[PDB]
>>> print(open('target.txt').read())   # compact mmCIF, C-alpha atoms and all ligand atoms
# COMPACT_ATOMS: atom_id res chain seq x y z
CA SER A 1 -29.19 -12.11 18.89
CA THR A 2 -26.96 -9.87 16.77
CA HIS A 3 -27.52 -9.64 13.03
CA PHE A 4 -24.78 -7.83 11.10
CA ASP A 5 -24.86 -5.94 7.80
CA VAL A 6 -21.90 -8.01 6.53
CA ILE A 7 -20.00 -11.04 7.76
CA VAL A 8 -16.42 -11.75 6.66
CA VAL A 9 -15.26 -15.35 7.03
CA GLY A 10 -11.46 -15.47 7.14
CA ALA A 11 -9.99 -12.24 8.45
CA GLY A 12 -6.57 -12.49 6.89
CA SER A 13 -4.94 -10.51 4.08
CA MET A 14 -8.13 -10.01 2.10
CA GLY A 15 -10.80 -10.26 4.79
CA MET A 16 -9.25 -7.77 7.17
CA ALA A 17 -8.79 -5.19 4.43
CA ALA A 18 -12.44 -5.68 3.43
CA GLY A 19 -13.34 -5.27 7.13
CA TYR A 20 -11.49 -2.00 7.28
CA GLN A 21 -13.18 -0.74 4.09
CA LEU A 22 -16.62 -1.72 5.39
CA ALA A 23 -16.22 -0.32 8.90
CA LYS A 24 -14.88 2.93 7.50
CA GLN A 25 -18.29 3.39 5.90
CA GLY A 26 -20.32 2.64 9.00
CA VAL A 27 -21.32 -0.83 7.78
CA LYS A 28 -21.94 -3.11 10.81
CA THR A 29 -19.40 -5.86 10.26
CA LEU A 30 -18.41 -9.13 11.91
CA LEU A 31 -15.10 -10.77 10.95
CA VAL A 32 -14.65 -14.41 11.93
CA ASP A 33 -11.24 -16.10 11.93
CA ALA A 34 -10.05 -19.60 12.87
CA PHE A 35 -7.07 -18.02 14.61
CA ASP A 36 -6.10 -14.50 15.82
CA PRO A 37 -4.80 -12.38 12.88
CA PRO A 38 -2.11 -11.67 12.12
CA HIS A 39 -0.89 -15.20 12.79
CA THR A 40 1.48 -17.85 11.47
CA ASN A 41 -0.92 -20.50 10.25
CA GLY A 42 -2.11 -18.90 7.02
CA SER A 43 -0.55 -17.14 4.06
CA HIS A 44 0.50 -13.76 5.53
CA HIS A 45 3.40 -14.25 7.91
CA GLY A 46 7.13 -14.19 7.43
CA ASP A 47 7.16 -10.41 8.03
CA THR A 48 7.62 -9.15 4.47
CA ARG A 49 5.94 -9.13 1.06
CA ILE A 50 7.06 -7.70 -2.24
CA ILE A 51 4.85 -5.21 -4.05
CA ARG A 52 5.66 -4.71 -7.76
CA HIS A 53 3.78 -2.46 -10.22
CA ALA A 54 5.20 -3.58 -13.65
CA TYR A 55 3.66 -7.05 -13.46
CA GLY A 56 5.24 -10.15 -14.96
CA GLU A 57 2.20 -12.30 -14.19
CA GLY A 58 0.25 -9.97 -16.48
CA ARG A 59 0.02 -6.31 -17.42
CA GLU A 60 -3.73 -6.42 -16.64
CA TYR A 61 -2.90 -6.35 -12.88
CA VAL A 62 -1.16 -2.98 -13.10
CA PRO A 63 -4.13 -0.76 -12.32
CA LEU A 64 -4.95 -2.75 -9.17
CA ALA A 65 -1.27 -2.74 -8.16
CA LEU A 66 -1.11 1.07 -8.51
CA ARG A 67 -4.33 1.54 -6.59
CA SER A 68 -3.07 -0.85 -3.85
CA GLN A 69 0.18 1.11 -3.64
CA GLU A 70 -1.74 4.38 -3.10
CA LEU A 71 -3.83 2.56 -0.39
CA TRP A 72 -0.66 1.31 1.36
CA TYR A 73 0.67 4.90 1.46
CA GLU A 74 -2.67 5.88 3.04
CA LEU A 75 -2.42 3.15 5.65
CA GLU A 76 1.12 4.30 6.48
CA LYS A 77 -0.30 7.72 7.44
CA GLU A 78 -3.11 6.24 9.49
CA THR A 79 -1.27 3.92 11.87
CA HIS A 80 1.85 3.82 14.04
CA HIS A 81 2.75 0.40 12.61
CA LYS A 82 5.35 0.36 9.77
CA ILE A 83 3.72 -0.46 6.45
CA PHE A 84 6.02 0.12 3.47
CA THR A 85 9.70 0.60 2.68
CA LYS A 86 10.56 1.67 -0.87
CA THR A 87 13.39 -0.75 -1.59
CA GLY A 88 12.67 -0.88 -5.32
CA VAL A 89 12.28 -4.30 -6.95
CA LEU A 90 14.74 -5.93 -9.32
CA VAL A 91 13.59 -8.46 -11.91
CA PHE A 92 16.12 -10.39 -14.00
CA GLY A 93 16.58 -13.46 -16.11
CA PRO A 94 18.40 -14.98 -19.11
CA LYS A 95 17.90 -12.67 -22.10
CA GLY A 96 15.08 -13.82 -24.35
CA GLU A 97 14.34 -16.76 -22.09
CA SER A 98 11.97 -15.44 -19.46
CA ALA A 99 8.30 -14.82 -20.17
CA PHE A 100 8.15 -13.26 -16.69
CA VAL A 101 10.93 -10.74 -17.40
CA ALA A 102 9.42 -10.03 -20.86
CA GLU A 103 5.91 -9.36 -19.54
CA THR A 104 7.33 -7.22 -16.73
CA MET A 105 9.02 -5.10 -19.40
CA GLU A 106 5.89 -4.95 -21.58
CA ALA A 107 3.78 -4.02 -18.61
CA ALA A 108 6.09 -1.12 -17.72
CA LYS A 109 6.01 0.25 -21.28
CA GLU A 110 2.27 -0.14 -21.59
CA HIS A 111 1.55 1.74 -18.38
CA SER A 112 4.45 4.17 -18.68
CA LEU A 113 5.95 2.97 -15.43
CA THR A 114 9.32 4.34 -14.28
CA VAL A 115 11.97 1.65 -14.69
CA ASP A 116 15.69 1.17 -15.49
CA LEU A 117 16.76 -1.47 -17.99
CA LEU A 118 20.19 -3.01 -17.63
CA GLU A 119 22.07 -6.13 -18.49
CA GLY A 120 24.97 -8.37 -17.73
CA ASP A 121 27.83 -6.78 -15.87
CA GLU A 122 25.80 -3.56 -15.34
CA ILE A 123 23.63 -5.49 -12.88
CA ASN A 124 26.64 -6.75 -10.92
CA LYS A 125 28.21 -3.26 -11.00
CA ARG A 126 25.12 -1.44 -9.78
CA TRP A 127 24.40 -3.87 -6.93
CA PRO A 128 27.58 -5.29 -5.39
CA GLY A 129 26.60 -8.71 -4.10
CA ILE A 130 24.68 -9.82 -7.20
CA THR A 131 26.53 -12.03 -9.65
CA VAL A 132 24.64 -12.95 -12.80
CA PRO A 133 25.93 -14.30 -16.14
CA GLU A 134 26.56 -11.74 -18.89
CA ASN A 135 23.63 -13.00 -20.94
CA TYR A 136 21.14 -11.89 -18.25
CA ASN A 137 19.05 -8.74 -18.55
CA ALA A 138 16.96 -6.90 -16.05
CA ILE A 139 14.31 -4.36 -15.32
CA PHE A 140 14.53 -2.43 -12.06
CA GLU A 141 11.46 -0.65 -10.61
CA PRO A 142 12.62 2.04 -8.15
CA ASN A 143 9.26 3.00 -6.72
CA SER A 144 7.87 -0.34 -5.73
CA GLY A 145 9.15 -2.23 -2.69
CA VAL A 146 8.34 -4.07 0.51
CA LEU A 147 5.25 -4.31 2.68
CA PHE A 148 5.29 -5.48 6.30
CA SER A 149 2.36 -7.83 5.96
CA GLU A 150 1.63 -8.73 9.58
CA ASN A 151 1.76 -4.98 10.32
CA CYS A 152 -0.74 -4.34 7.53
CA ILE A 153 -3.25 -6.80 8.87
CA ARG A 154 -2.78 -5.62 12.47
CA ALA A 155 -3.24 -1.97 11.38
CA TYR A 156 -6.35 -2.74 9.33
CA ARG A 157 -7.71 -4.70 12.28
CA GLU A 158 -7.10 -1.95 14.82
CA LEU A 159 -8.58 0.70 12.54
CA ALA A 160 -11.64 -1.43 11.71
CA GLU A 161 -12.29 -2.34 15.36
CA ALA A 162 -11.95 1.32 16.36
CA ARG A 163 -14.78 2.01 13.93
CA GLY A 164 -17.04 -0.71 15.33
CA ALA A 165 -16.13 -3.86 13.43
CA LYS A 166 -16.26 -6.97 15.61
CA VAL A 167 -13.63 -9.67 15.26
CA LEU A 168 -14.47 -13.14 16.59
CA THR A 169 -11.22 -15.09 16.94
CA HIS A 170 -10.27 -18.77 17.27
CA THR A 171 -13.58 -19.61 15.69
CA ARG A 172 -13.67 -21.90 12.71
CA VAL A 173 -16.67 -21.49 10.46
CA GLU A 174 -17.91 -24.99 9.62
CA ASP A 175 -20.91 -24.47 7.35
CA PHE A 176 -23.06 -21.86 5.62
CA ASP A 177 -26.78 -21.36 5.11
CA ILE A 178 -27.49 -19.00 2.22
CA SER A 179 -30.95 -17.76 1.30
CA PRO A 180 -32.07 -15.07 -1.15
CA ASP A 181 -32.12 -12.25 1.40
CA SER A 182 -29.69 -13.37 4.12
CA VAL A 183 -26.63 -15.38 4.95
CA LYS A 184 -25.80 -17.45 7.99
CA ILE A 185 -22.57 -19.08 9.25
CA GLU A 186 -22.26 -22.01 11.70
CA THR A 187 -19.38 -22.28 14.20
CA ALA A 188 -18.73 -24.17 17.49
CA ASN A 189 -19.10 -20.88 19.33
CA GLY A 190 -22.51 -19.99 17.80
CA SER A 191 -24.27 -19.01 14.55
CA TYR A 192 -24.53 -15.49 13.01
CA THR A 193 -26.62 -13.86 10.28
CA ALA A 194 -26.12 -10.86 7.98
CA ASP A 195 -27.36 -9.49 4.66
CA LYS A 196 -24.03 -10.19 2.88
CA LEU A 197 -21.15 -12.64 3.19
CA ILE A 198 -17.54 -12.31 2.13
CA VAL A 199 -15.63 -15.60 1.99
CA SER A 200 -11.86 -15.24 2.19
CA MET A 201 -10.45 -18.32 3.88
CA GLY A 202 -7.11 -18.53 2.13
CA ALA A 203 -5.79 -22.11 1.88
CA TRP A 204 -9.00 -23.35 3.49
CA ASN A 205 -11.09 -22.17 0.53
CA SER A 206 -9.81 -25.39 -1.15
CA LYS A 207 -11.68 -27.44 1.48
CA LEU A 208 -14.72 -25.33 2.40
CA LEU A 209 -16.12 -23.78 -0.81
CA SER A 210 -17.85 -27.10 -1.42
CA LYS A 211 -20.08 -26.03 1.53
CA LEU A 212 -21.26 -23.29 -0.83
CA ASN A 213 -21.88 -25.80 -3.62
CA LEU A 214 -18.71 -24.78 -5.46
CA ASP A 215 -16.24 -27.13 -7.12
CA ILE A 216 -13.14 -25.18 -8.21
CA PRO A 217 -9.64 -26.60 -8.44
CA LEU A 218 -7.67 -24.89 -5.66
CA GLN A 219 -4.41 -26.56 -4.64
CA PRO A 220 -2.63 -25.48 -1.46
CA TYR A 221 1.21 -25.64 -1.50
CA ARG A 222 3.78 -25.59 1.30
CA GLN A 223 6.17 -22.71 0.61
CA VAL A 224 9.21 -21.95 2.76
CA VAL A 225 11.46 -18.91 3.11
CA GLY A 226 14.80 -18.54 4.91
CA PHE A 227 16.66 -15.56 6.41
CA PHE A 228 20.45 -15.81 5.98
CA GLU A 229 23.38 -14.07 7.64
CA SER A 230 24.77 -11.79 4.95
CA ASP A 231 27.40 -9.21 4.13
CA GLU A 232 25.54 -6.11 5.38
CA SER A 233 27.77 -3.79 3.36
CA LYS A 234 26.11 -5.28 0.28
CA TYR A 235 22.68 -6.71 1.14
CA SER A 236 21.26 -4.21 3.59
CA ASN A 237 18.22 -2.14 2.71
CA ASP A 238 20.42 0.69 4.08
CA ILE A 239 22.81 0.40 1.12
CA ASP A 240 19.86 0.08 -1.29
CA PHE A 241 19.95 -3.62 -2.02
CA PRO A 242 16.53 -4.19 -3.65
CA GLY A 243 13.67 -6.61 -3.18
CA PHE A 244 13.71 -9.01 -6.16
CA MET A 245 11.80 -11.61 -8.13
CA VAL A 246 13.83 -13.34 -10.78
CA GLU A 247 13.85 -16.21 -13.20
CA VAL A 248 16.73 -18.67 -13.53
CA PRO A 249 16.91 -22.06 -15.33
CA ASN A 250 15.20 -24.04 -12.55
CA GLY A 251 12.51 -21.47 -11.88
CA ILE A 252 11.54 -18.28 -10.10
CA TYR A 253 13.00 -16.97 -6.86
CA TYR A 254 12.14 -13.89 -4.82
CA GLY A 255 13.80 -12.13 -1.93
CA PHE A 256 14.32 -9.16 0.33
CA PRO A 257 17.27 -7.09 1.45
CA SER A 258 18.34 -7.40 5.10
CA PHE A 259 16.38 -4.96 7.29
CA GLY A 260 18.11 -3.99 10.55
CA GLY A 261 20.49 -6.94 10.19
CA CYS A 262 17.73 -9.59 9.99
CA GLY A 263 19.52 -11.12 7.01
CA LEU A 264 18.64 -11.46 3.32
CA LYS A 265 15.36 -13.39 2.95
CA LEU A 266 14.80 -15.78 0.02
CA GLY A 267 12.02 -18.00 -1.28
CA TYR A 268 11.79 -20.44 -4.20
CA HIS A 269 8.47 -19.76 -5.90
CA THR A 270 8.25 -22.43 -8.62
CA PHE A 271 8.28 -25.43 -6.28
CA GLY A 272 6.35 -26.34 -3.14
CA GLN A 273 4.89 -29.51 -1.62
CA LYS A 274 1.21 -30.20 -2.30
CA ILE A 275 -0.40 -30.22 1.15
CA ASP A 276 -3.66 -29.93 3.11
CA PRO A 277 -3.92 -26.80 5.33
CA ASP A 278 -4.87 -28.85 8.34
CA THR A 279 -2.01 -31.37 8.04
CA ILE A 280 0.84 -29.26 6.63
CA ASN A 281 4.12 -29.55 8.58
CA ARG A 282 4.88 -25.96 9.57
CA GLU A 283 8.44 -26.62 10.67
CA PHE A 284 11.19 -25.28 8.42
CA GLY A 285 13.90 -27.80 7.58
CA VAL A 286 11.95 -31.03 7.86
CA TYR A 287 12.48 -31.53 4.12
CA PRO A 288 16.07 -31.24 2.83
CA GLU A 289 14.86 -29.15 -0.17
CA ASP A 290 13.69 -26.43 2.26
CA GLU A 291 17.19 -25.15 2.80
CA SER A 292 19.10 -26.64 -0.15
CA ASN A 293 16.92 -25.08 -2.91
CA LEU A 294 17.65 -21.69 -1.30
CA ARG A 295 21.43 -22.08 -0.95
CA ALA A 296 21.65 -23.42 -4.52
CA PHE A 297 20.42 -20.00 -5.73
CA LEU A 298 22.44 -17.94 -3.23
CA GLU A 299 25.82 -19.55 -3.87
CA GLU A 300 25.34 -18.89 -7.56
CA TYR A 301 23.72 -15.40 -7.68
CA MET A 302 24.12 -13.68 -4.26
CA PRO A 303 27.19 -15.40 -2.83
CA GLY A 304 27.71 -12.95 0.02
CA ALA A 305 24.24 -13.71 1.41
CA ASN A 306 24.77 -17.47 1.91
CA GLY A 307 25.74 -17.45 5.57
CA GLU A 308 24.24 -19.16 8.56
CA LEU A 309 20.45 -19.72 8.49
CA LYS A 310 19.00 -17.27 11.02
CA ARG A 311 15.32 -18.04 10.67
CA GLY A 312 12.88 -20.12 8.65
CA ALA A 313 9.11 -19.83 8.07
CA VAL A 314 6.56 -22.13 6.38
CA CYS A 315 3.61 -20.59 4.65
CA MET A 316 1.00 -21.53 2.02
CA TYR A 317 0.00 -20.60 -1.54
CA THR A 318 -3.43 -21.60 -2.92
CA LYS A 319 -3.18 -21.96 -6.72
CA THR A 320 -5.88 -21.79 -9.34
CA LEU A 321 -5.19 -23.63 -12.65
CA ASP A 322 -4.27 -20.39 -14.48
CA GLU A 323 -2.68 -18.85 -11.39
CA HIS A 324 -4.96 -15.81 -11.57
CA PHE A 325 -7.18 -14.80 -8.67
CA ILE A 326 -10.85 -15.45 -8.07
CA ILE A 327 -12.69 -12.28 -7.02
CA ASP A 328 -16.38 -12.37 -7.83
CA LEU A 329 -19.92 -12.92 -6.59
CA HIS A 330 -21.02 -16.52 -5.99
CA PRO A 331 -22.65 -17.50 -9.32
CA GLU A 332 -25.86 -18.57 -7.55
CA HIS A 333 -25.93 -15.99 -4.75
CA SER A 334 -25.39 -12.33 -5.42
CA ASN A 335 -25.22 -11.78 -1.65
CA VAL A 336 -22.04 -13.89 -1.36
CA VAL A 337 -18.60 -12.61 -2.41
CA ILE A 338 -15.63 -14.98 -2.93
CA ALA A 339 -11.91 -14.09 -2.68
CA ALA A 340 -9.69 -17.08 -3.42
CA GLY A 341 -6.75 -18.59 -5.29
CA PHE A 342 -4.20 -15.85 -4.90
CA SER A 343 -1.57 -18.27 -6.11
CA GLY A 344 1.35 -16.91 -4.16
CA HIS A 345 1.16 -13.31 -5.40
CA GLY A 346 -1.89 -11.70 -3.84
CA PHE A 347 -0.67 -9.81 -0.78
CA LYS A 348 0.48 -6.67 -2.52
CA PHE A 349 -3.09 -6.32 -3.83
CA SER A 350 -4.85 -6.95 -0.54
CA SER A 351 -5.54 -3.26 0.11
CA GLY A 352 -7.13 -2.89 -3.32
CA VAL A 353 -8.91 -6.23 -2.98
CA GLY A 354 -10.39 -5.10 0.36
CA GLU A 355 -11.90 -2.17 -1.54
CA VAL A 356 -13.24 -4.38 -4.33
CA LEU A 357 -14.79 -6.83 -1.85
CA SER A 358 -16.50 -3.98 -0.01
CA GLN A 359 -17.95 -2.66 -3.24
CA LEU A 360 -19.15 -6.15 -4.30
CA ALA A 361 -20.80 -6.87 -0.94
CA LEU A 362 -22.50 -3.49 -0.72
CA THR A 363 -23.51 -3.01 -4.34
CA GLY A 364 -23.06 -6.21 -6.27
CA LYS A 365 -20.53 -4.45 -8.53
CA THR A 366 -17.19 -2.66 -8.39
CA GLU A 367 -15.68 0.33 -10.17
CA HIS A 368 -12.59 -1.87 -10.78
CA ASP A 369 -12.32 -4.04 -13.92
CA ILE A 370 -12.10 -7.51 -12.38
CA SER A 371 -13.06 -9.62 -15.37
CA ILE A 372 -9.73 -11.44 -15.35
CA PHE A 373 -10.71 -12.79 -11.90
CA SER A 374 -14.13 -14.04 -12.93
CA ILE A 375 -15.29 -17.16 -11.11
CA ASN A 376 -16.92 -18.18 -14.44
CA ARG A 377 -13.82 -18.11 -16.63
CA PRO A 378 -13.16 -21.45 -18.42
CA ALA A 379 -9.46 -21.64 -17.56
CA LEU A 380 -10.50 -22.00 -13.95
CA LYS A 381 -12.52 -25.20 -14.60
CA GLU A 382 -15.27 -24.20 -12.13
CA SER A 383 -18.70 -25.71 -11.50
CA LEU A 384 -21.39 -26.33 -8.89
CA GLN A 385 -22.21 -29.65 -7.13
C1 LIG B 401 3.10 -18.02 1.65
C2 LIG B 401 3.75 -17.03 0.85
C3 LIG B 401 2.91 -16.19 0.19
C4 LIG B 401 3.43 -15.04 -0.46
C5 LIG B 401 4.83 -14.76 -0.38
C6 LIG B 401 5.71 -15.68 0.30
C7 LIG B 401 5.18 -16.83 0.91
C8 LIG B 401 6.12 -17.82 1.61
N1 LIG B 401 5.40 -13.61 -0.90
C9 LIG B 401 4.50 -12.74 -1.50
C10 LIG B 401 5.05 -11.53 -1.94
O1 LIG B 401 6.23 -11.19 -1.83
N2 LIG B 401 4.11 -10.63 -2.54
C11 LIG B 401 2.74 -10.84 -2.72
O2 LIG B 401 2.02 -10.00 -3.24
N3 LIG B 401 2.28 -12.03 -2.27
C12 LIG B 401 3.11 -12.92 -1.68
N4 LIG B 401 2.57 -14.08 -1.17
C13 LIG B 401 1.09 -14.38 -1.46
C14 LIG B 401 0.17 -13.67 -0.43
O3 LIG B 401 0.77 -13.74 0.91
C15 LIG B 401 -1.13 -14.50 -0.46
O4 LIG B 401 -1.71 -14.48 -1.77
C16 LIG B 401 -2.16 -13.76 0.65
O5 LIG B 401 -1.63 -13.67 1.91
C17 LIG B 401 -3.46 -14.46 0.48
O6 LIG B 401 -4.39 -13.82 1.46
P1 LIG B 401 -5.74 -14.54 1.99
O7 LIG B 401 -6.50 -13.57 2.75
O8 LIG B 401 -6.23 -15.34 0.92
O9 LIG B 401 -5.11 -15.71 3.01
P2 LIG B 401 -4.77 -15.45 4.60
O10 LIG B 401 -4.07 -14.19 4.78
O11 LIG B 401 -4.13 -16.78 4.93
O12 LIG B 401 -6.14 -15.35 5.24
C18 LIG B 401 -7.13 -16.43 5.29
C19 LIG B 401 -7.69 -16.37 6.66
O13 LIG B 401 -8.89 -17.15 6.76
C20 LIG B 401 -8.89 -17.90 7.95
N5 LIG B 401 -9.70 -19.07 7.99
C21 LIG B 401 -9.45 -20.23 7.33
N6 LIG B 401 -10.39 -21.11 7.46
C22 LIG B 401 -11.33 -20.50 8.24
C23 LIG B 401 -12.60 -20.91 8.75
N7 LIG B 401 -13.11 -22.14 8.48
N8 LIG B 401 -13.32 -20.05 9.53
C24 LIG B 401 -12.81 -18.82 9.81
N9 LIG B 401 -11.60 -18.34 9.36
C25 LIG B 401 -10.92 -19.25 8.58
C26 LIG B 401 -7.41 -18.05 8.41
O14 LIG B 401 -7.18 -18.32 9.80
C27 LIG B 401 -6.73 -16.84 7.81
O15 LIG B 401 -6.57 -15.85 8.84
CL CL B 402 -1.78 -17.50 -2.03
>>> encode(input="target.txt", output="structure tokens")
Amino acid sequence: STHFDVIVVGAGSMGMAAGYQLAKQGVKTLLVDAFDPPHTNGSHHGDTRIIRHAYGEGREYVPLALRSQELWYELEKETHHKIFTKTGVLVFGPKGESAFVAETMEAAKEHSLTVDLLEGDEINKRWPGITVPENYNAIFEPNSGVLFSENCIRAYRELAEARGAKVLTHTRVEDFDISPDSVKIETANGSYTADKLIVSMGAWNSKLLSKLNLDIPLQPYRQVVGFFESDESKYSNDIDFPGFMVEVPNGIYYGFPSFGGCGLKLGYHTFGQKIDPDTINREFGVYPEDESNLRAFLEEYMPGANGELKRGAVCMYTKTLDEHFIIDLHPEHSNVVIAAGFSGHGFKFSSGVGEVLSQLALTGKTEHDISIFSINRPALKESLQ
């Protein structure tokens, strides 16, 4: 017997930020999640996430990245949970052979971002512990860094709940009933109605958007990360070892300095197993590639960080065909907002995305330019049933 102004289905990275933005404005909000966020079944665990401003995936993301950065600094002041450490982020690759490095550089010039350019031995000299070939170049961004993702979601949840948002946990939404002036969700624990709906189910968008008559290629991937015992005199955040995202011959890798001796953390971005979010094996090490793809990079480029494996985590990406996000109104229902396909690089924007989703749900528009995320773009290959 409780109607809400807005219902958010999937209270993870994007949904919880939207919840916070809505509650902050006195909008009566219900957030429904299959688990109890933050948790380890979706796409936000593993402790840390890189935030970069000069953007190799595309200079068009810079404004949202800068706005999200300002929002993370705001969240830091609002909660007791740790949000952001300014490790700086290093990007490198073989000279003239990395579109990612090249666009990162173009993006920095175009938006007058503060960065250092260096190459070859200068990289190895500046950061003891990194060993790249002399034909590599790099762009270092000193003011970007690392977000503590589970902390972000927990903080947004606590702040939203304090302002009246309701969070219904361990409740899987199974179907939707959309009409011109209201929305309704169906779950085993009951059904709920509101004026607006935000759909942000992460990897499960690939299985449940068809319940909203949408047919968009969204492929979930199993992506692991490992924490390794390292030489702390070289890889500690305390001695300014940076976060990094780099391109080598076999693909892109990303990583984090050791924080409080937790060990250097590394992930291989280019490869992952195609999986289903309900049958993915969440145990690290069950595939030999889990650990060997990581050590292959470490022994070659960060040799002092290739010690004993201290911890592993398994998490998921949800890729669109062009690897750009989907943030838009449902093409047939202006009272339904969709947030999907973050393709392994959406967390850093979740604060800004929460803002965009709030604006779309409340007004049908946003002050942000989000055309590159249009649900109607051809490169997406979208359609209705
Ligand atoms: C996995 C991964 C991702 C990643 C990364 C490293 C790994 C191993 N490193 C990143 C980085 O350094 N920087 C960055 O900017 N991004 C990075 N990523 C990507 C980022 O984590 C993802 O793009 C982001 O987390 C996506 O957020 P989204 O909100 O889409 O996904 P979620 O946090 O998993 O939340 C979805 C929630 O919805 C719930 N759910 C699912 N189905 C239902 C149903 N049926 N009913 C109700 N709730 C549902 C989930 O339980 C989840 O909480
Ligand atoms: Cl993702």
>>> residues_around(input="target.txt", residues="residue 134 of chain A", least_positions_apart="5", cutoff="8 Å", atoms="only C-alpha atoms", output="CSV table (one decimal) with C-alpha atoms, in the coordinates of the input")
chain,number,residue,atom,x,y,z
A,119,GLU,CA,22.1,-6.1,-18.5
A,120,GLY,CA,25.0,-8.4,-17.7
A,121,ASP,CA,27.8,-6.8,-15.9
>>> closest_atom_pairs(input="target.txt", of="chain A", to="ligand LIG 401 (chain B)", cutoff="7 Å", atoms="only C-alpha atoms and all ligand atoms", output="tab-separated table")
residue	atom	partner	partner_atom	distance
A:9	CA	B:LIG401	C24	5.1
A:10	CA	B:LIG401	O13	3.1
A:11	CA	B:LIG401	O15	5.0
A:12	CA	B:LIG401	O12	3.3
A:13	CA	B:LIG401	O7	3.7
A:14	CA	B:LIG401	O7	4.0
A:15	CA	B:LIG401	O7	5.8
A:32	CA	B:LIG401	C24	5.2
A:33	CA	B:LIG401	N9	3.4
A:34	CA	B:LIG401	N9	4.0
A:35	CA	B:LIG401	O14	4.8
A:37	CA	B:LIG401	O15	5.6
A:38	CA	B:LIG401	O15	6.9
A:39	CA	B:LIG401	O15	6.9
A:41	CA	B:LIG401	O14	6.6
A:42	CA	B:LIG401	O11	3.6
A:43	CA	B:LIG401	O11	3.7
A:44	CA	B:LIG401	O5	4.2
A:46	CA	B:LIG401	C8	6.9
A:48	CA	B:LIG401	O1	6.8
A:49	CA	B:LIG401	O1	3.6
A:50	CA	B:LIG401	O1	3.6
A:51	CA	B:LIG401	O2	5.6
A:171	CA	B:LIG401	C24	6.0
A:172	CA	B:LIG401	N8	3.7
A:173	CA	B:LIG401	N8	3.8
A:174	CA	B:LIG401	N7	5.7
A:200	CA	B:LIG401	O7	5.6
A:201	CA	B:LIG401	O13	3.5
A:202	CA	B:LIG401	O8	3.5
A:203	CA	B:LIG401	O11	6.4
A:204	CA	B:LIG401	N6	4.8
A:223	CA	B:LIG401	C8	5.0
A:224	CA	B:LIG401	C8	5.3
A:225	CA	B:LIG401	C8	5.7
A:267	CA	B:LIG401	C8	6.6
A:314	CA	B:LIG401	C8	6.4
A:315	CA	B:LIG401	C1	4.0
A:316	CA	B:LIG401	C1	4.1
A:317	CA	B:LIG401	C1	5.1
A:339	CA	B:LIG401	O8	6.8
A:340	CA	B:LIG401	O8	5.8
A:342	CA	B:LIG401	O4	4.2
A:343	CA	B:LIG401	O4	5.8
A:344	CA	B:LIG401	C13	3.7
A:345	CA	B:LIG401	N3	3.6
A:346	CA	B:LIG401	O4	3.5
A:347	CA	B:LIG401	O2	3.7
A:348	CA	B:LIG401	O2	3.7
A:349	CA	B:LIG401	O2	6.3
>>> closest_residue(input="target.txt", among="A:182, A:219, A:114, A:335", to="ligand CL 402 (chain B)", atoms="only C-alpha atoms and all ligand atoms")
A:219
>>> atom_distance(input="target.txt", atom1="atom CA of residue 363 of chain A", atom2="atom CA of residue 52 of chain A")
29.4 Å
>>> closest_residue(input="target.txt", among="A:303, A:226, A:220, A:129", to="ligand CL 402 (chain B)", atoms="all atoms listed in the file")
A:220
>>> closest_residue(input="target.txt", among="A:288, A:63, A:263, A:341", to="ligand CL 402 (chain B)", atoms="all atoms listed in the file")
A:341
>>> closest_residue(input="target.txt", among="A:247, A:76, A:323, A:195", to="residue 8 of chain A", atoms="only C-alpha atoms")
A:195
>>> residues_around(input="target.txt", residues="residue 355 of chain A", least_positions_apart="4", cutoff="8 Å", atoms="all atoms listed in the file", output="list in words")
residues 17, 18, 21, 351 and 359 of chain A
>>> axis_aligned_box(input="target.txt", around="segment 298-310 of chain A", padding_each_side="3 Å", output="lines of an AutoDock Vina configuration file")
center_x = 23.4
center_y = -16.3
center_z = 1.7
size_x = 14.7
size_y = 12.8
size_z = 24.7
>>> closest_residue(input="target.txt", among="A:45, A:299, A:242, A:231", to="ligand CL 402 (chain B)", atoms="only C-alpha atoms and all ligand atoms")
A:45
>>> residues_around(input="target.txt", residues="residue 105 of chain A", least_positions_apart="5", cutoff="9 Å", atoms="all atoms listed in the file", output="list in words")
residues 54, 55, 56, 100, 110, 115, 117, 138 and 139 of chain A
>>> write_last_selection(input="target.txt", atoms="C-alpha atoms", output="compact mmCIF listing (two decimals), in the coordinates of the input")
# COMPACT_ATOMS: atom_id res chain seq x y z
CA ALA A 54 5.20 -3.58 -13.65
CA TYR A 55 3.66 -7.05 -13.46
CA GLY A 56 5.24 -10.15 -14.96
CA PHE A 100 8.15 -13.26 -16.69
CA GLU A 110 2.27 -0.14 -21.59
CA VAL A 115 11.97 1.65 -14.69
CA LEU A 117 16.76 -1.47 -17.99
CA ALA A 138 16.96 -6.90 -16.05
CA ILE A 139 14.31 -4.36 -15.32
>>> atom_distance(input="target.txt", atom1="atom CA of residue 5 of chain A", atom2="atom CA of residue 373 of chain A")
25.2 Å
>>> decode(input="target.txt", residues="segment 284-294 of chain A", atoms="C-alpha atoms", output="CSV table (one decimal), in the first residue's frame")
chain,number,residue,atom,x,y,z
A,284,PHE,CA,39.4,-17.0,-8.5
A,285,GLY,CA,41.9,-19.5,-9.9
A,286,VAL,CA,39.5,-22.1,-11.3
A,287,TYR,CA,40.8,-21.2,-14.8
A,288,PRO,CA,44.6,-21.3,-15.2
A,289,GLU,CA,44.5,-18.0,-17.2
A,290,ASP,CA,43.1,-16.2,-14.0
A,291,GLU,CA,46.5,-16.1,-12.4
A,292,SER,CA,48.9,-16.7,-15.4
A,293,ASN,CA,47.7,-13.7,-17.5
A,294,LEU,CA,48.5,-11.5,-14.5
